[PDB]
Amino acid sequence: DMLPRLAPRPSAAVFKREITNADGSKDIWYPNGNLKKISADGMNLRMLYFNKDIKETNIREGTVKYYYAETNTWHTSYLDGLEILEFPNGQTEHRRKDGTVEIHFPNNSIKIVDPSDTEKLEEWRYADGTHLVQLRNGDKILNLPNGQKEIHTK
């Protein structure tokens, strides 16, 4: 805490002044340059870091939002364990507690990956409706939108 997070990279295309306001809301000025704003109720918090980074803590919504100012990226944490990354190009990365990773590319293609079963290496869902299933052994299952099922073997 009080130190900024290290900015993530998208997945490959392949002295201590604690001012208390009249309403009850607090503003804390830190020596490093940080400004911590607390709501009167103490449920909504926001840390304005020296490097222009923002950390929003919503206790009512159970969310931790982080803005990486340099890279124009958003990171939302949820109570259930879900982490959502939002990149400037529209790329969104979803990471759950189990280990499932869901990349939403700007071309509306979705990449699904889970190192649990590893029967199936990676799953793909395209804009047209095509569903590609890559297997660990090298095999492929292509589910076309028209109803065609392609079974690719060694």
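The numbering used is simple: start at 1 and walk along the sequence shown.
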| message | I'd like the number of residues from the deposited sequence that lie between residue 14 and residue 15 yet are not in the model, binned as none, 1 to 3, 4 to 9, or 10 or more. | response | 10 or more
| note | Between 86-94 and 107-115, the record assigns the higher mean Cα B factor to 107-115
| field | Higher-scoring stretch by recorded Cα B factor average, 42-50 or 120-128 | value | 120-128
| If you rank every modelled residue in this chain by C-alpha B factor, which third holds residue 8: lowest, middle or highest? | lowest
